[PDB]
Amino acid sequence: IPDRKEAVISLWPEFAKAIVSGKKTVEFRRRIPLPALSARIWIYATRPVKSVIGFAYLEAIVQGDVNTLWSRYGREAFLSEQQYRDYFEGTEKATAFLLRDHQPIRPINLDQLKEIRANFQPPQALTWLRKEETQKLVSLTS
């Protein structure tokens, strides 16, 4: 049973790159199941990259009102007010993940990930990694 110190998240490639390059230090999600505070977040870029391209660490978790969060962290989130607004339409509470110590790596493609976890689907929210899985992911890291 995973302890949520190791997790994977899915982003579109432009946002995934902004993160592994240290540009985007905030990720907004709805109220989803939470990682551990001290977690490594491995960053999975969707099509056409279809790879894990780095990781980053979680310096803080913020939940609160949608307007407040944009006002406070929206610039660090690298998306536009419109995108944020369309996404959080229909809810009043958001989650902000504050990120630090980003690390670009060379891409671990989707085939290698199904080699580590047989039925890997790219996470709609976060997926927690097993111990055995983390070791393999790390082994491929470069």
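Numbering starts at 1 and follows the sequence shown.
A.B. asks: For the C-alpha atoms alone, is the average B factor greater in 107-115 or in 25-33, going by the entry?
C.D. replies: Taking the mean B-factor of the alpha carbons in each, 107-115 is higher.
A.B. asks: Quick one: say whether 41-49 or 58-66 has the higher mean Cα B-factor in the deposited entry.
C.D. replies: Between 58-66 and 41-49, it is 58-66 that shows the higher mean C-alpha B-factor.
A.B. asks: Please place residue 87 in the lowest, middle or highest third of its chain by C-alpha B factor as given in the entry.
C.D. replies: Within its chain, residue 87 is a lowest-third residue by C-alpha B-factor, going by the deposited values.
A.B. asks: Can you tell me which third, lowest, middle or highest, the CA B-factor of residue 99 falls into for its chain?
C.D. replies: For residue 99, whose C-alpha B-factor we compare with every modelled residue in the chain, the answer is the lowest third.
A.B. asks: Using only modelled residues of the chain, where does the Cα B factor of residue 7 rank: lowest third, middle third or highest third?
C.D. replies: Middle third, going by the recorded CA B-factors of the chain.
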